[PDB]
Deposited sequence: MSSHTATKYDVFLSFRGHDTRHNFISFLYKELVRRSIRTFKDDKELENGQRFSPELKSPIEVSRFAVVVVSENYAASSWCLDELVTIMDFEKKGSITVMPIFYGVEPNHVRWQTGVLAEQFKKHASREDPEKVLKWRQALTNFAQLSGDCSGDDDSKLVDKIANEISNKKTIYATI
């Protein structure tokens, strides 16, 4: 309603780089987008940029769970962006996510950790995009896709 796009990302990894470019392009195409600084319920789309350290943050994972729980009941459409991490690593929490989850496991409720894993697993099964040989092309596709998709 109030926002066409809600941007979920690990600031430390992408705020000043990929996200600054994606946000600029979205605003340019007149796409109303939200991104916190250093409304998920009121956003139509959720572009989630899962970077190397996204899963290292329990806060980012909490946001992903919030988003996926809303997506499950059709309250939001999620667009996955695998940035620097393979989709299968996200799906099984392997690759760099393994060590990040070992950390979480030693300091969080086991059931909460499983809840995080569930969101990631479900997230990795949605149709999305992976970072490749050109971020500028990836940004154009995302903007174009949303642009041809908004009411």
Exercise for the section: Enumerate the deposited-sequence segments absent from the coordinates, judged by C-alpha atoms, in order of position. Expected result: 1-6, 45-58, 172-176
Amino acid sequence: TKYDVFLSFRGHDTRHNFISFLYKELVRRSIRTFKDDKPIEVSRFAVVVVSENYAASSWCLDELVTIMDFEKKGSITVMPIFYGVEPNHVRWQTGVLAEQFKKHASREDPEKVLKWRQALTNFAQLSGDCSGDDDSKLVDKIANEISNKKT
From here on, numbers count along this sequence of modelled residues.
Problem - Stretch with the higher entry mean CA B-factor, where the candidates are 3-11 and 142-150 - result: 142-150
Handout entry: 28-36 versus 58-66 - greater average Cα B-factor per the deposited record
Key = 28-36
Problem - From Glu99, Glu41, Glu86, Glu111, residue of greatest CA B-factor - result: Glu41
Exercise for the section: Classify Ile81 as lowest, middle or highest third according to the C-alpha B-factor given in the PDB entry, relative to its own chain. Expected result: lowest
